[PDB]
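Note sheet for the following structure.
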2 protein chains.
Amino acid sequence: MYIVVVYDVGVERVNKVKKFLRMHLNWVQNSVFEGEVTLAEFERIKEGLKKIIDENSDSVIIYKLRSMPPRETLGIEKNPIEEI
Amino acid sequence: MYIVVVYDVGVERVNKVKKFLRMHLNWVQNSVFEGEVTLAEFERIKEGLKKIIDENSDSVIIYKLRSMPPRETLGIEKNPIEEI
């Protein structure tokens, strides 16, 4: 399993979720992280993110892919594909 | 082809790219659009987005998938899966 996590979280609560995912997935651009995970770690990411975030206000989308998808990037590549 | 477009564009230039993608793809959450496209329309989205945005500063990631990926959403679903 491979997932791309994109999120819209109000400031002064974003930095919090950012720190969290930085220890689970790779940071692609602002508000975007992706990486491989185990059916267990996947539950853990969403587990913590479930309380590290405030529903009703924030939004988090977690696409569930089978492998690292190809991508086309414009502008300053927030992170070299190789570096991950 | 199906793509998920995520972007980080400075304000007062974001609204511009937002209007553009709203006429090409579906809006999932803030800074995220996805939808099906033809090898032609795909070139068109990135074509316009290529000049509707300022490199060196902005960042745009366009994942290239074969079909609408499954997703897990937390918080206020910025848009019902069915509504698209």
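Just so we're on the same page: first chain in the structure tokens is A, next is B, and so on; residues restart at 1 for each chain, and ligands are numbered from 1 in the order they show up.
Counting only C-alpha atoms, every residue of chain A that comes within 6 Å of chain B is listed here: residues 55, 56, 58, 59, 60, 61, 62, 63, 64, 70, 71, 72, 73, 74, 75 and 76 of chain A.
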Those residues with N, CA, C and O atoms, as a compact mmCIF listing (two decimals), in the first residue's frame please?
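Produced file selection02.txt, reproduced below:
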# COMPACT_ATOMS: atom_id res chain seq x y z
N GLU A 55 -12.27 17.91 13.60
CA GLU A 55 -13.29 17.75 12.57
C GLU A 55 -14.16 18.99 12.54
O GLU A 55 -13.92 19.96 13.27
N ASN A 56 -15.18 18.97 11.68
CA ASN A 56 -16.10 20.10 11.55
C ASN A 56 -15.41 21.30 10.93
O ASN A 56 -16.05 22.12 10.27
N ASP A 58 -11.48 21.10 9.96
CA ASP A 58 -10.45 20.61 9.05
C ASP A 58 -10.84 19.51 8.07
O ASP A 58 -11.83 18.80 8.27
N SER A 59 -10.04 19.37 7.01
CA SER A 59 -10.26 18.35 6.00
C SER A 59 -8.98 17.59 5.63
O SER A 59 -7.93 18.18 5.37
N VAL A 60 -9.06 16.26 5.63
CA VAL A 60 -7.91 15.44 5.27
C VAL A 60 -8.31 14.33 4.30
O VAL A 60 -9.21 13.55 4.59
N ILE A 61 -7.65 14.28 3.14
CA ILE A 61 -7.91 13.25 2.14
C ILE A 61 -6.72 12.32 2.06
O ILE A 61 -5.56 12.75 1.97
N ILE A 62 -7.01 11.02 2.11
CA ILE A 62 -5.97 10.00 2.03
C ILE A 62 -6.24 9.00 0.91
O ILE A 62 -6.99 8.04 1.10
N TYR A 63 -5.64 9.25 -0.24
CA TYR A 63 -5.79 8.35 -1.38
C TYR A 63 -5.05 7.06 -1.12
O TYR A 63 -3.91 7.08 -0.64
N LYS A 64 -5.67 5.94 -1.45
CA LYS A 64 -5.06 4.64 -1.23
C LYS A 64 -4.64 3.96 -2.53
O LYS A 64 -5.46 3.38 -3.24
N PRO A 70 2.97 7.79 -10.93
CA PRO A 70 3.85 8.69 -11.67
C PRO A 70 3.29 10.11 -11.44
O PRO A 70 2.12 10.27 -11.07
N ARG A 71 4.12 11.13 -11.61
CA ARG A 71 3.68 12.50 -11.38
C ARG A 71 4.34 13.47 -12.35
O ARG A 71 5.39 13.19 -12.91
N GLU A 72 3.70 14.62 -12.53
CA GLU A 72 4.22 15.65 -13.41
C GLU A 72 4.23 16.85 -12.46
O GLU A 72 3.21 17.18 -11.85
N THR A 73 5.39 17.48 -12.30
CA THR A 73 5.49 18.61 -11.39
C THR A 73 5.89 19.89 -12.09
O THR A 73 6.77 19.91 -12.94
N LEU A 74 5.21 20.96 -11.71
CA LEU A 74 5.46 22.28 -12.27
C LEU A 74 6.04 23.13 -11.14
O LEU A 74 5.89 22.80 -9.95
N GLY A 75 6.71 24.21 -11.53
CA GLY A 75 7.30 25.10 -10.54
C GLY A 75 8.39 24.43 -9.73
O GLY A 75 8.81 23.30 -10.02
N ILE A 76 8.84 25.12 -8.70
CA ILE A 76 9.89 24.61 -7.83
C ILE A 76 9.52 23.29 -7.18
O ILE A 76 8.63 23.23 -6.32
| request: Please give the complete set of residues from chain A that DSSP, run on the backbone, assigns to alpha helix (DSSP H), formatted as number ranges by chain. | output: A: 14-21, 39-51
| message | Report, in Å to a single decimal, how far apart CA of residue 2 (chain A) and CA of residue 38 (chain B) are. | response |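 Computed distance, CA of residue 38 (chain B) to CA of residue 2 (chain A), equals 25.1 Å.
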| task | Find the residues around residue 41 (chain B) up to 12 Å (only C-alpha atoms counted), leave out those fewer than 3 positions away in its own chain, and share them as a list in words. | result |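 My list of contacting residues is residues 1, 2, 3, 21, 23, 24, 25, 35, 36, 37, 38, 44, 45, 46, 47, 48 and 49 of chain B.
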| Within 7 Å of residue 84 (chain B), counting only C-alpha atoms, which residues qualify if same-chain residues fewer than 2 places away don't, as a VMD selection string? | chain B and resid 26 81 to 82
Can you spit out the residues from that selection as a tab-separated table (two decimals), in the first residue's frame, using N, CA and C atoms?
chain	number	residue	atom	x	y	z
B	26	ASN	N	-12.68	18.32	-11.00
B	26	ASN	CA	-13.56	18.45	-9.87
B	26	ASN	C	-12.77	18.92	-8.66
B	81	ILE	N	-18.45	12.23	-2.33
B	81	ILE	CA	-17.93	11.41	-3.43
B	81	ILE	C	-18.94	11.28	-4.58
B	82	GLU	N	-20.21	11.17	-4.23
B	82	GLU	CA	-21.28	11.02	-5.21
B	82	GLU	C	-21.52	12.27	-6.05
| Expected answer as a ChimeraX atom specification: strand (DSSP E or B) residues in chain B | /B:2-8,26-29,32-36,59-65,71-75
Those same residues, written as a short mmCIF file (atom, residue, chain, number, x, y, z; two decimals), in the first residue's frame with N, CA, C and O atoms?
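So the final result, stored in selection15.cif, reads:
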data_model
loop_
_atom_site.label_atom_id
_atom_site.label_comp_id
_atom_site.auth_asym_id
_atom_site.auth_seq_id
_atom_site.Cartn_x
_atom_site.Cartn_y
_atom_site.Cartn_z
N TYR B 2 -6.67 9.49 -15.27
CA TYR B 2 -7.33 10.17 -14.18
C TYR B 2 -6.23 10.84 -13.40
O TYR B 2 -5.22 10.20 -13.08
N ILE B 3 -6.38 12.11 -13.08
CA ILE B 3 -5.33 12.78 -12.33
C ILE B 3 -5.85 13.54 -11.13
O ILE B 3 -7.00 13.97 -11.10
N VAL B 4 -4.98 13.65 -10.13
CA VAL B 4 -5.28 14.39 -8.92
C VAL B 4 -4.25 15.50 -8.96
O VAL B 4 -3.05 15.24 -8.98
N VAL B 5 -4.72 16.74 -9.00
CA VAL B 5 -3.85 17.90 -9.05
C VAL B 5 -3.83 18.61 -7.70
O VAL B 5 -4.87 19.07 -7.22
N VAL B 6 -2.66 18.71 -7.09
CA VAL B 6 -2.53 19.40 -5.81
C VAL B 6 -1.58 20.57 -6.05
O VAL B 6 -0.61 20.44 -6.79
N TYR B 7 -1.86 21.72 -5.45
CA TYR B 7 -0.99 22.85 -5.68
C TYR B 7 -0.80 23.79 -4.51
O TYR B 7 -1.64 23.90 -3.62
N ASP B 8 0.34 24.47 -4.55
CA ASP B 8 0.72 25.43 -3.53
C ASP B 8 1.04 26.70 -4.31
O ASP B 8 2.15 26.85 -4.81
N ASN B 26 -12.68 18.32 -11.00
CA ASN B 26 -13.56 18.45 -9.87
C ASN B 26 -12.77 18.92 -8.66
O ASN B 26 -11.61 18.55 -8.49
N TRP B 27 -13.41 19.73 -7.83
CA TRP B 27 -12.77 20.30 -6.63
C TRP B 27 -13.04 19.40 -5.44
O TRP B 27 -14.19 19.25 -5.03
N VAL B 28 -11.99 18.80 -4.87
CA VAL B 28 -12.13 17.90 -3.71
C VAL B 28 -12.03 18.64 -2.39
O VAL B 28 -12.87 18.49 -1.51
N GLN B 29 -10.95 19.40 -2.23
CA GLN B 29 -10.74 20.21 -1.04
C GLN B 29 -9.91 21.36 -1.53
O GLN B 29 -9.61 21.45 -2.72
N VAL B 32 -6.94 21.07 -3.99
CA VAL B 32 -7.00 19.75 -4.58
C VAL B 32 -8.13 19.56 -5.59
O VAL B 32 -9.29 19.79 -5.28
N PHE B 33 -7.79 19.15 -6.81
CA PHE B 33 -8.78 18.87 -7.85
C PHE B 33 -8.44 17.51 -8.47
O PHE B 33 -7.26 17.13 -8.53
N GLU B 34 -9.45 16.80 -8.94
CA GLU B 34 -9.22 15.50 -9.57
C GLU B 34 -10.31 15.26 -10.59
O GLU B 34 -11.37 15.87 -10.51
N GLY B 35 -10.04 14.38 -11.55
CA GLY B 35 -11.03 14.08 -12.56
C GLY B 35 -10.41 13.31 -13.69
O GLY B 35 -9.21 13.09 -13.71
N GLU B 36 -11.23 12.91 -14.65
CA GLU B 36 -10.74 12.18 -15.81
C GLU B 36 -10.36 13.18 -16.90
O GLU B 36 -10.94 14.26 -16.99
N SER B 59 4.32 25.80 -6.63
CA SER B 59 4.49 24.37 -6.82
C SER B 59 3.18 23.65 -7.19
O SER B 59 2.15 23.83 -6.53
N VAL B 60 3.23 22.83 -8.23
CA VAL B 60 2.05 22.07 -8.64
C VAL B 60 2.41 20.61 -8.92
O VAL B 60 3.29 20.34 -9.73
N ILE B 61 1.73 19.69 -8.24
CA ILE B 61 1.95 18.25 -8.45
C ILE B 61 0.73 17.66 -9.12
O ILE B 61 -0.42 17.88 -8.70
N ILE B 62 0.99 16.90 -10.18
CA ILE B 62 -0.08 16.23 -10.92
C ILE B 62 0.15 14.73 -11.03
O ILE B 62 0.87 14.26 -11.91
N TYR B 63 -0.47 13.98 -10.11
CA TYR B 63 -0.36 12.54 -10.12
C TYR B 63 -1.13 11.97 -11.29
O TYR B 63 -2.26 12.40 -11.56
N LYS B 64 -0.55 11.00 -11.98
CA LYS B 64 -1.19 10.40 -13.14
C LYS B 64 -1.65 8.96 -12.86
O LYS B 64 -0.85 8.03 -12.90
N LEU B 65 -2.93 8.80 -12.59
CA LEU B 65 -3.49 7.48 -12.28
C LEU B 65 -4.29 6.88 -13.44
O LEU B 65 -4.65 7.56 -14.40
N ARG B 71 -10.32 6.44 -1.51
CA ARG B 71 -9.84 7.45 -0.58
C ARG B 71 -10.49 7.30 0.79
O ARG B 71 -11.55 6.72 0.93
N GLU B 72 -9.82 7.84 1.80
CA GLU B 72 -10.32 7.80 3.16
C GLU B 72 -10.29 9.29 3.52
O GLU B 72 -9.25 9.94 3.39
N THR B 73 -11.43 9.83 3.94
CA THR B 73 -11.48 11.25 4.27
C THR B 73 -11.85 11.49 5.72
O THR B 73 -12.75 10.85 6.27
N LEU B 74 -11.14 12.42 6.32
CA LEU B 74 -11.37 12.80 7.70
C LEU B 74 -11.91 14.22 7.69
O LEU B 74 -11.75 14.96 6.70
N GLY B 75 -12.55 14.61 8.79
CA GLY B 75 -13.10 15.94 8.90
C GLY B 75 -14.19 16.20 7.88
O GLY B 75 -14.65 15.30 7.18
#
